[PDB]
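Structure record follows, encoded as structure tokens.
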Ligand SMILES: C[N+](C)(C)CCOP(=O)(O)O
Ligand SMILES: C[N+](C)(C)CCOP(=O)(O)O
Ligand SMILES: C[N+](C)(C)CCOP(=O)(O)O
Ligand SMILES: C[N+](C)(C)CCOP(=O)(O)O
Ligand SMILES: [Ba+2]
Ligand SMILES: [K+]
Ligand SMILES: [K+]
Ligand SMILES: [K+]
């Protein structure tokens, strides 16, 4: 009955805190876009600090640079690794040429890699799928059915898309303490070969259903939450995409009916009106 | 009976109009090939307009450029970010060198990214699958079976390919108004481990079938359309591909039989003749 | 009984001849490695022929090049699009600089794309799966079972790998002429979460089997062939791979038993001996 | 009863030794990170050794290089293929210019490819999934159930993840010698639409189970091992990942119960405590 703390947030993210360079690839792609341009911008500097430090490690090898001045070796270093090569700051002798070839080799390895991640980070698209703000439990074809709906926000379609409704709630074990059980709920249409507009997902509540007989109260008490797992291959990106959302007992409108989002234009051509997406019809009795 | 407006077009595209920078990645890959070369061509210009604007923000730092002339700073700017570095327009002092390194850093970030999308846009292949112009309903192994066929237009094969026949038609709810129902039709062979030539898809019409007993009329009236969803992994691209098509009541040849597309060459070696692909045998009674 | 022409070759390729720039992406990746280096090597030349043709379209704009000589404009053109920029052949005036920026823009678009395909073509790996030279039909757990085996030639493993045995043979329709039927044969283990060594695929021949009761003769006569479709995700490439093979009636050793390929090393550690891979035990009666 | 040699190691790797340039792509991605930077660093050198050898193959074509000195042609060669182009070492005549364009063409093909692999090798991520050190067999909902658990070590989640428990043990054929049988064990939850924290996998031991009635002894004797095959699409990388592990008879704690890894923080917010991950509760009788 009483209000409780959310285990999952509306965006299907968790409120559990785990407890714990050693995971660079993940780290690299994982970091905020500024921190990345920072790391890279950094590495770049350090290598030219190293090479500048190399051409000085040997005598005054480059021409037109002042002796022992690291500055000159460093700006040369950028000009040799970025393949600009103006022609003022220039090498001298066999040794300087060898180092330059090496820095050019790296500068080329530098980009090839800076570009790999630059792209990996890039090729992680959203589905632009919209989830309904509530869900309803309402009789459908004479059976109390729990339902929620989602819509594709993009012109381009999503193919072989599918979704999961997963109840989560505390339940006493046959023996021992209480644990939240992961109940994957059976749907009338789990898969959808194509999805461009709107989809009402629904789980009929029959004798086998975890929420069979469950009321608001018993639900509240079981501390039950629901989680939508949507996934599918976006036609637009030619690639996979996903999306999560979470609902709570407060959200479920009982006897709710989603409202038809399909509208006729003045022109008379039909259309989809995402304004009704969250509208839920409800019947009100007297007093 | 009467003619009606198409909900889907032959190319399986929709005639619904939704209603609604905020979606850059999608936008970027989404845009027409000219608009892209335009955006990029543009950004390029703006940055060199910015850098040219930087070397001028400080005194006359570059050598061989006229003072205060933005022009010189800008063409220098392209030569410094594209790593040409002729050696006429050249930096001076510590500050100019630092900016040059920064522009070189960007010019390298610029390409790495311009190349990501250049490739993403590129790696979205067609299946080169051809759909039959009509479909038929014809008895097959003593059961009225709805069928349509598709063929692979490329030498290279498509693997683990599969298709969906999805009837779409207006149907009165158990209560409330009319809605088009998404009937996914059961096929005799949904999957095909490999597909290189021709495939007749078919949905037997038995007691469970949505179109069981349905006639042209009742079909027309139910405003029914059919949609082919083909997908599969092209051997050629080593990658996934798909294709849609739509059919209408007018298209279905009742009692139609697709005509064998397999032909013997003069040499005697057998072959596939895509000329008969759309040919449908029909029996004509008297008068 | 009599020998016949193969519809599929040992490498699971077809002997049907279809009948039929318009398909560039496919074409590009499709072509032989020389033809590719050729197309590219070509395009490169044509553009610099175009740009060289541009700097000449206007007066003598570049310095150190002879007037009206296309040669000079062309080698300059490579040096401006490849971002070498020695500093002999150099622009003059606002117009030359503008074209140079444009060629640099293209030269950078040129690589980004030349690299996309350079990579796409590259990232199409073989599975290095080996197929047995014959197949056998032999009693297994008291049931005549058709079987064939394949092995992974690479240290690295293949995961969620699966295979299809697909009989192909001419069969008279319930009405009309003869057509080859695609019989996908039911296996005892279609999927395999992991595969690194050897796998005997097998299709038990029971009452439901297409080849139930079929003999060599009836098989020969039905002109039956079998096709192995293997697919799976190679751990090595972190990517998908596949492989086909075809067998004929001549190949099937009846009463054949594949011979155990697992061998103990002198060291005593166990090992896999791909020498027995194609060895088939057969029992020989008298006379 | 007696101790035996492990067929699989804890990391799910094999102890079988197979028996056997011809497989470059695999080889390339396969090799240790040093050996790679080596091969490349090498190829680079050889080509410039070739080009340097070309400009010398013809007369003294480049300006500012000493005649017949390969050294000069080689360092020039790096400066022409890396597109630095200082402007000291410079071409002369039509022939030198043509070769330079060719080397620039290659130097650009060189990077495009060096970058393909540089990235392919890069985009092969770990799942950072942790496996429990033992497994248990313990009654669960009144049925002896074999179980093991794994946890996601990364903030980011893994989606549509699934696992396989695969018993492996020597078993006498209906006829002939002994072979290890690949028993894929049926689980209560094979698939999991999402996985971020902890997952107890479990195989109920009923009449159909390979290990039905099996004891430590009979297991030991059957030389049975178990192999966990985990796979799933990491949300972090936007890509697929996998992980193997192996267990032995010694590892299985009979009557074991994994210990709840979920802990409440001082703040009161809940959390996951990977310290209990390997903790197994066991009941101890008297004496
Ligand atoms: C809603 N659906 C999943 C059953 C049908 C497909 O969605 P849509 O065709 O309206 O875009
Ligand atoms: C038509 N099919 C899907 C059943 C068989 C495979 O197609 P194909 O082998 O003719 O290219
Ligand atoms: C043969 N198999 C497919 C059943 C088992 C897995 O193959 P392997 O473990 O011997 O490499
Ligand atoms: C354990 N599970 C697989 C059933 C549920 C999902 O895992 P998780 O939600 O705890 O990260
Ligand atoms: Ba350059
Ligand atoms: K220069
Ligand atoms: K110069
Ligand atoms: K230069």
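Here Cβ is always computed from backbone atoms with ideal geometry, including for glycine, and neighbour counts include all displayed protein chains. All of this is worked out from the model, or read from it or from the source named; nothing here is a laboratory result.
General remarks:
- Number of positions in the stretch A:30-62 that are assigned to a loop (DSSP other than H, G, I, E, B) and over 36 Å from the mean Cα position of the chain (by Cα): 5
- Hey, residue C:129 within 16 Å of ligand 3 (Cβ to nearest atom) and within 40 Å of the chain's Cα centre (by Cα) or not: yes
- On inspection, residue B:142 qualifies as in the same structural domain as residue B:246 (by CATH) and over 33 Å from the mean Cα position of the chain (by Cα).
- Of the set (1) within 16 Å of ligand 5 (Cβ to nearest atom); (2) facing chain A (nearest Cβ under 9 Å); (3) surrounded by fewer than 20 Cβ atoms within 10 Å (Cβ to Cβ), all apply to residue D:71 but (1).
- Check on residue D:63, touching a strand residue (DSSP E or B) at 6+ places or on another chain (Cβ under 6 Å) and more than 9 Å from chain A (Cβ to nearest Cβ): yes
- Given (1) under 23 Å from residue B:99 (Cα atoms); (2) touching a helix residue (DSSP H, G or I) at 6+ places or on another chain (Cβ under 8 Å); (3) surrounded by fewer than 22 Cβ atoms within 10 Å (Cβ to Cβ), number of the condition residue A:77 does not satisfy: (3)
- Just one residue in the set D:102, D:50, D:43 is away from ligand 5 (no atom under 16 Å from the Cβ) and surrounded by 15 or more Cβ atoms within 10 Å (Cβ to Cβ); that residue is D:102.
- Inter-residue pairs, beta-carbon under 7 Å, first more than 10 Å from chain A (Cβ to nearest Cβ) and in the stretch D:180-202, second surrounded by fewer than 17 Cβ atoms within 10 Å (Cβ to Cβ) and part of a loop (DSSP other than H, G, I, E, B), 6+ apart: D:202/D:188
- Top-ranked residue in the stretch C:129-159 [being touching a strand residue (DSSP E or B) at 6+ places or on another chain (Cβ under 7 Å) and in a loop (DSSP other than H, G, I, E, B); ranked as surrounded by the fewest Cβ atoms within 10 Å (Cβ to Cβ)]: C:143
- Residues in the stretch A:87-99 that are within 7 Å of chain D (Cβ to nearest Cβ) and either touching a strand residue (DSSP E or B) at 6+ places or on another chain (Cβ under 9 Å) or closer than 13 Å to residue A:65 by Cβ (or both): A:87, A:90.
- Annotation note: of D:56, D:21, the sole residue that is surrounded by 14 or more Cβ atoms within 10 Å (Cβ to Cβ) and in contact with a helix residue (DSSP H, G or I) (Cβ under 8 Å, 6 or more places away or on another chain) is D:56.
- Search result, residues across the stretch D:67-102 that are within 16 Å of ligand 7 (Cβ to nearest atom), in a helix (DSSP H, G or I) and farther than 16 Å from residue D:57 by Cβ: D:79
- Options B:165, B:95, B:150; residue that is away from ligand 8 (no atom under 16 Å from the Cβ) and more than 21 Å from the chain's Cα centre (by Cα): B:95
- Cβ-Cβ distances below 8 Å connect the following pairs, each with a first residue in the stretch A:73-100 that is closer than 11 Å to residue A:54 by Cβ, a second residue that is assigned to a helix (DSSP H, G or I) and within 11 Å of ligand 8 (Cβ to nearest atom), and a separation of six or more residues or different chains: A:100/A:80; A:100/D:79.
- Members of the stretch A:269-281 found to be assigned to a loop (DSSP other than H, G, I, E, B) and either surrounded by 15 or more Cβ atoms within 10 Å (Cβ to Cβ) or more than 9 Å from chain B (Cβ to nearest Cβ) (or both), listed by number: A:273, A:274, A:276, A:277, A:278, A:279
- Residue within the stretch C:107-114 that is under 24 Å from residue D:164 (Cβ atoms) and more than 9 Å from chain D (Cβ to nearest Cβ) present: no
- Being touching a helix residue (DSSP H, G or I) at 6+ places or on another chain (Cβ under 6 Å), more than 23 Å from residue B:109 (Cα to Cα) and in a helix (DSSP H, G or I) is a property that residue A:119 lacks.
- For the stretch B:227-245, the criterion of being assigned to a loop (DSSP other than H, G, I, E, B), touching a helix residue (DSSP H, G or I) at 6+ places or on another chain (Cβ under 6 Å) and closer than 30 Å to residue B:15 by Cα is satisfied by no residue at all.
- Filter result for residue C:183 (outside any loop (DSSP other than H, G, I, E, B) and surrounded by fewer than 20 Cβ atoms within 10 Å (Cβ to Cβ)): yes
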